[PDB]
Each structure stands twice: as structure tokens, then as C-alpha cells.
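Q: Structure below; questions to follow.
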Amino acid sequence: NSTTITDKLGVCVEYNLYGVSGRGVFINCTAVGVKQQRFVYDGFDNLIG
Amino acid sequence: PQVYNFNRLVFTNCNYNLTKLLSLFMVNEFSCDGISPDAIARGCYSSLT
Amino acid sequence: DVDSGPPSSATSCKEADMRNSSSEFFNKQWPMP
Amino acid sequence: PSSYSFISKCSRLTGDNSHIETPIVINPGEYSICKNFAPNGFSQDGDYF
Amino acid sequence: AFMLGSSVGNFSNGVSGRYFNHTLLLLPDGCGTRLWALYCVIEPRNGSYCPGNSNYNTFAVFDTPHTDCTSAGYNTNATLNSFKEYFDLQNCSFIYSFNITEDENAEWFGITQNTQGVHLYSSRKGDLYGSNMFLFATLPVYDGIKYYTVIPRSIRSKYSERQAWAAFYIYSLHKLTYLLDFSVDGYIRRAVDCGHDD
Amino acid sequence: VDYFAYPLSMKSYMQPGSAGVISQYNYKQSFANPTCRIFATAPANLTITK
Ligand SMILES: *[C@@H]1O[C@H](CO)[C@@H](O[C@@H]2O[C@H](CO)[C@@H](O)[C@H](O)[C@H]2NC(C)=O)[C@H](O)[C@H]1NC(C)=O
Ligand SMILES: *[C@@H]1O[C@H](CO)[C@@H](O[C@@H]2O[C@H](CO)[C@@H](O)[C@H](O)[C@H]2NC(C)=O)[C@H](O)[C@H]1NC(C)=O
Ligand SMILES: *[C@@H]1O[C@H](CO)[C@@H](O)[C@H](O)[C@H]1NC(C)=O
Ligand SMILES: *[C@@H]1O[C@H](CO)[C@@H](O)[C@H](O)[C@H]1NC(C)=O
């Protein structure tokens, strides 16, 4: 059942989001990047969005 | 087919039941490079060829 | 194999259908590098 | 299948009288130009086409 | 309109440009509202002025604007039927179809091939009012695509319906290192070709 | 020493990283100490039975 982040913002959680696996903190932000691509990375290929 | 006329399968955006497929065949040799069979059985992928 | 539909029942082709031309007809160079 | 088959030679004959013989080899993950001759497996061992 | 294959040679009379095996066809259709992806075996019909006949110069695709692109309905097999007038579609591996919206914008189309098949990119996807190409189709084409041929389109415009048509350019892709500049909204509007100059 | 009866045709199912039922439910080799796998055949005329 643990499938949403609405009321768990700010806490360290693990994630499996369409197969990408990791842990980190989720914070509501202004939409950047391309929404179609579903992920925003950085220059070192770390997920930051 | 034969070896020079191999058939290629590419899997994207789907779920597999590797064990149902693993139990149908009788393995004799394997040699992985950069991954292991258990990691193939427990992971998520952009594509599978 | 998959079905491509019904074949073409036209016996003859349209005979060059804007006739062939490989010459100074086509030199309208509008470069877009 | 009827048997196991593979290509044992693939070569181009050039020169004035096709007197020189150079091999044509595949790249990794690719098909051989020679597969078009007997694409379902060779019938006899030694089938010099 | 394109014709991508692996083996090429002369026709019967001797004109070049014949594909002998499974051939990829990218034929836009529906008066610029549909894209056809066909991976078929292509057979020269023996009829007059067709690729099998002796009196054959060149093949082409077309459509009759007042019957095909009429207001009442848009025929979606016009260019494909005009194609079949020249060739027979046998042993078709797959036939895909992609919808296209009608406009007069400037778009980009790219095509590559790797181990995972044939990849099609278009600016219409993702960035319609820009110029960045996003992958929209992957085709199970695993044979080499050694050759390609631009298929001459010809709108059957009569004297009252004659219209001007834009030219297109085809740039080869090379194995090069670049430097890109992503905007805040993720799109690329500036780059540097590292081998061009000092 | 861990020893048991095992068929030779199945000895790829006890390799490091294998994905079958042997490593899941029968025997997984540990690598905390220096270790070694051996697959052998016992001649039938000795005290060992089948
Ligand atoms: C994954 O594969 C296993 C093996 O096929 C499935 O388990 C069997 O499913 C069938 C369904 O008709 C049952 O009749 C059997 O009793 C199950 N047991 C076995 C070991 O054969 C399992 O359902 C598959 N899982 C999914 C969800 O795909
Ligand atoms: C227009 O072309 C499409 C694709 O060639 C035809 O659609 C196929 O027709 C066959 C035969 O009826 C069917 O078995 C397939 O299921 C159809 N689907 C596709 C996309 O493969 C269509 O019939 C043609 N229509 C006309 C006007 O002839
Ligand atoms: C490809 O076409 C050529 C000539 O049409 C034919 O000789 C060859 O067998 C074909 N390849 C196949 C059927 O794999
Ligand atoms: C291909 O088409 C022919 C008809 O031209 C048919 O006889 C044959 O079974 C089909 N299949 C293949 C791949 O040969």
C-alpha cells in the first residue's frame, strides 16, 4: 500500500519509481525540465527530480 | 533457428515471470559480465535484449 | 507475417507522373547549414 | 531442427580471375552476409554454394 | 518518403534502386496526417510503366487531391495505394501507424539504428514549437539498414490547384563529441561542435 | 566440510550468482572464509553406496 508521498514530505525514504531504485528526500518544487521524460538528473547522472 | 540466423527479442515496458521461464529450461553453462543471474532475476531495466 | 490489405488492381503505372528530370530543372539552392 | 548448422567460410573473390581470397567477418551482435544462402540451416556438410 | 534496406541492385532493365529483401518504408499519408511504417518484402509488378516492365523509368508515390484530400473525408491509404500500384507487399513483418496533426511548422526528423532496433525521432513529439527531437517509435528491425532512398512525392495538382512545396535537407549523423546547454525548462537551444574549430 | 550427493549436470546451479532453486532453497555457498567447491565421482566398488 505504500504508494504515495503526499503526507511523507521531508523524510528519508527509499523509492522504486518505474524501476529506478534508491533512497532520498522528496520535496514539492516548481516543475523544471521536460515533464515527458519523467526524470530530472544532474551532470553526474544523479536523480534530483 | 541456427546460430548465424539468431532471433532477437527486445522487451520494454512490461513485466516478466523469469522463474516460469527459468524452470522450463535446463541450464548447463552461464557466464555473465557486469551482472549476475540473480540480479537479472531481481532487477528493473530500461530494456532487455 | 501480417496482412497488408488488398493488392493493387491497376494494370499500368501512371507514366512518370510529373516526368523525370535530372538537370538544370532542379538547382533552386536555398542553403540551410 | 533437422540438425545443427553453421557457416565455416565467408569470403570475397576479387582480382582479374577472382584469384585472391579474403575473409568477410562479422561485427559483435550482427549478422553475416553469408546467412542469405541457406537461411534455415544447411542441408549437407560441405555445401560449397 | 523513404525506402531503407540492406541489399540493393539494378532493376530488370538496368536502372538502379531495387531492394531485394525486407525493406522499411516510411510513407506519410492522410494528407500529412499519418505515418506508415512497413517492413515488407517488395516485389516489382510486371504491369506497364511499373518497376517490372521494360518501359520503366522511375517509381513514385502520389495522391489525387480532389478525391483524396477532399473536404468530405481524408483517405488514409492514398500514397500507400499509389505505392502498391508499383510494388507488391509480401511477407510483411509489421505495419505500424502514427497520427500526425496538420500545420505548417518547421519540424525535425531523425532516424538511427542500434542493437535494439530502428529508432525514430521527431520534434513534433515533446517540443512541437521548438527543434529538439524526441524518440517516438522503435522498430524491430535488426538487419543492417545499409542503404536508403528518398521516394519522390508528387501532388497531383491541376492548373487551378497548383501549389508550391517546401524543400527538405538531410544531414548525416557522425560520431562526434558536443557540448549542450539545457534551459530551465529542459530544452536545448545552444551547442558547440568540439571538432569544428579551435 | 559440507558434502552431499549431487548430479554433475546440475553443477552450474551452485555457481556464485546463479538464479535457480538450488541457491534459493537447497544450498548457498558462503564466502566469509577461504573456500572451494569440488564436484567428484565415487567409484562404485568401495564402501560408499548410492
Ligand atoms: C509465475 O510462474 C509460476 C509458474 O508458472 C506461476 O505459478 C503457477 O501458476 C499457475 C497458474 O495457473 C498455477 O496453476 C500453479 O499452481 C502455480 N504454481 C506453479 C509453481 O506452477 C505464477 O502464477 C506466475 N506468477 C505470475 C503472477 O505470473
Ligand atoms: C489500408 O492499409 C491498411 C494497412 O495496409 C489495411 O489495414 C489492414 O488490412 C488487412 C486486411 O483487411 C487487415 O488484416 C489488417 O488487420 C489491417 N490493419 C493493419 C494496419 O495492418 C487497410 O485494410 C487498408 N484499407 C483500404 C482502404 O484498403
Ligand atoms: C533476398 O533476396 C534475394 C533476391 O531477391 C534472394 O536471393 C535471397 O534469398 C533473399 N534472402 C532471404 C530470402 O533470406
Ligand atoms: C511469404 O510469402 C509467400 C507468398 O509470396 C508465402 O508462400 C510464404 O509462406 C510467406 N512466408 C515466408 C516468410 O516465406
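Q: Is there any pair linking a residue in segment E:119-145 that is hydroxyl-bearing (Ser, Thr, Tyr) to one that is part of a strand (DSSP E or B), with Cβ under 6 Å and at least six apart or on different chains, and which?
A: Correct list of pairs: E:121/E:110; E:121/E:135; E:122/E:109; E:122/E:136; E:138/E:117; E:138/E:119.
Q: Being farther than 20 Å from residue E:7 by Cβ, within 13 Å of the chain's Cα centre (by Cα) and more than 9 Å from chain B (Cβ to nearest Cβ) is the requirement here; does residue D:16 meet it? Give the steps one after another, and end with the answer.
A: On the way: farther than 20 Å from residue E:7 by Cβ: yes; within 13 Å of the chain's Cα centre (by Cα): no; more than 9 Å from chain B (Cβ to nearest Cβ): yes.
Judged against the criteria, residue D:16 is not a match.
Q: Can you name the residue in segment E:38-75 that is buried (at least 17 other Cβ atoms within 10 Å of the Cβ) and farther than 18 Å from residue E:151 by Cβ and, of all such residues, is nearest to the other protein chains (Cβ to nearest Cβ)?
A: Per the criteria, the residue is E:47.
Q: Does residue E:23 count as within 16 Å of ligand 2 (Cβ to nearest atom), under 22 Å from residue B:8 (Cα atoms), of a type in the set (S, T, N, Q) and within 14 Å of chain C (Cβ to nearest Cβ)? Full working, then the answer.
A: Working: within 16 Å of ligand 2 (Cβ to nearest atom): yes; under 22 Å from residue B:8 (Cα atoms): yes; of a type in the set (S, T, N, Q): yes; within 14 Å of chain C (Cβ to nearest Cβ): yes.
So residue E:23 passes the test.
Q: Need the failing condition index for residue E:79 against (1) in contact (Cβ under 8 Å) with a residue 60 or more places away in the chain; (2) more than 11 Å from every other protein chain (Cβ to nearest Cβ); (3) crowded, with 21+ Cβ neighbours inside 10 Å; (4) not in a helix (DSSP H, G or I), just the number.
A: Residue E:79 satisfies all of (1) in contact (Cβ under 8 Å) with a residue 60 or more places away in the chain; (2) more than 11 Å from every other protein chain (Cβ to nearest Cβ); (3) crowded, with 21+ Cβ neighbours inside 10 Å; (4) not in a helix (DSSP H, G or I) except (4).
Q: Another question, then. Kindly list, by first and then second residue, each pair from a residue in segment D:25-49 that is in contact (Cβ under 8 Å) with a residue 24 or more places away in the chain to a residue that is outside any loop (DSSP other than H, G, I, E, B), limited to pairs with Cβ atoms under 9 Å and residues at least 6 apart or on different chains.
A: If the second residue must be outside any loop (DSSP other than H, G, I, E, B), the pairs left are D:34/D:11.
Q: Continuing with this model, one more query. Any residue that is within 16 Å of ligand 4 (Cβ to nearest atom), closer than 18 Å to residue B:3 by Cβ, within 9 Å of the chain's Cα centre (by Cα) and outside any loop (DSSP other than H, G, I, E, B) - is there at least one of those in segment D:25-46?
A: Yes, because at least one residue in segment D:25-46 is within 16 Å of ligand 4 (Cβ to nearest atom), closer than 18 Å to residue B:3 by Cβ, within 9 Å of the chain's Cα centre (by Cα) and outside any loop (DSSP other than H, G, I, E, B).
Q: Condition (residue is more than 16 Å from ligand 1 (Cβ to nearest atom), within 23 Å of residue E:63 (Cα to Cα) and under 11 Å from the mean Cα position of the chain (by Cα)) applied to segment E:4-15: is it met by at least one residue?
A: Looking only at segment E:4-15, we keep the residues that are more than 16 Å from ligand 1 (Cβ to nearest atom), and these are E:4-15.
Narrowing the set further to residues that are within 23 Å of residue E:63 (Cα to Cα) leaves E:4.
From what is left, the residues that are under 11 Å from the mean Cα position of the chain (by Cα) are E:4.
Yes, segment E:4-15 has at least one match.
Q: How many residues, within segment B:1-48, are within 16 Å of ligand 1 (Cβ to nearest atom), of a type in the set (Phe, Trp, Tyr), surrounded by 10 or more Cβ atoms within 10 Å (Cβ to Cβ) and assigned to a loop (DSSP other than H, G, I, E, B)?
A: 1
Q: Residues in segment B:12-24 that are of a type outside the set (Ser, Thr, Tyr) and facing another protein chain (nearest Cβ under 10 Å): how many? Before the answer, list the steps.
A: Filtering segment B:12-24 for residues of a type outside the set (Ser, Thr, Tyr) gives B:13-15, B:17-18, B:20-22, B:24.
Remaining after also requiring facing another protein chain (nearest Cβ under 10 Å): B:13, B:18, B:22.
Qualifying residue count for the region: 3.
Q: Test of understanding: among B:4, B:45, B:16, which residue is among the aromatic types (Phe, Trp, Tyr) and touching a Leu at 6+ places or on another chain (Cβ under 8 Å)? Step through it out loud before you land on a result.
A: Values: B:4 fails: touching a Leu at 6+ places or on another chain (Cβ under 8 Å); B:45 fails: touching a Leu at 6+ places or on another chain (Cβ under 8 Å).
Just one listed residue meets the conditions, B:16.
Q: How many residues are more than 14 Å from chain A (Cβ to nearest Cβ) and either closer than 21 Å to residue F:23 by Cα or within 16 Å of ligand 4 (Cβ to nearest atom) (or both) if we restrict to segment B:25-49? First the steps, then the outcome.
A: Narrowing segment B:25-49 to residues more than 14 Å from chain A (Cβ to nearest Cβ): B:25-38, B:41, B:49.
Retained after the next criterion (residues that are either closer than 21 Å to residue F:23 by Cα or within 16 Å of ligand 4 (Cβ to nearest atom) (or both)): B:25-38, B:41.
The total comes to 15.
Q: Taking residue E:24 as the residue in question, decide whether it is touching a residue at least 40 places away in the same chain (Cβ under 8 Å), closer than 18 Å to residue E:138 by Cβ and away from ligand 4 (no atom under 16 Å from the Cβ).
A: Working: touching a residue at least 40 places away in the same chain (Cβ under 8 Å): yes; closer than 18 Å to residue E:138 by Cβ: yes; away from ligand 4 (no atom under 16 Å from the Cβ): yes.
It is true that residue E:24 is touching a residue at least 40 places away in the same chain (Cβ under 8 Å), closer than 18 Å to residue E:138 by Cβ and away from ligand 4 (no atom under 16 Å from the Cβ).
Q: Given the criterion surrounded by 10 or more Cβ atoms within 10 Å (Cβ to Cβ), farther than 20 Å from residue B:43 by Cα and of a type in the set (A, V, I, L, M), identify the matching residue among A:17, A:9, A:47. Let's see the steps before the verdict.
A: Values: A:17 fails: farther than 20 Å from residue B:43 by Cα; A:47 fails: farther than 20 Å from residue B:43 by Cα.
Matching residue, one of A:17, A:9, A:47: A:9.
Q: Just to be sure I understand, how many residues within segment E:93-145 are surrounded by 17 or more Cβ atoms within 10 Å (Cβ to Cβ), over 17 Å from the mean Cα position of the chain (by Cα) and either within 16 Å of ligand 3 (Cβ to nearest atom) or not in a loop (DSSP other than H, G, I, E, B) (or both)?
A: Of the residues in that region, 2 qualify.
Q: Read through the list (1) in contact (Cβ under 8 Å) with a residue 40 or more places away in the chain; (2) in contact with a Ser or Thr (Cβ under 9 Å, 6 or more places away or on another chain), then give the number of the only condition that residue E:157 fails.
A: (2)
Read-outs: derived from the displayed coordinates by stated rules, not from any lab. Every residue, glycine among them, receives a Cβ derived from its backbone with ideal geometry; neighbour counts consider all protein chains shown.
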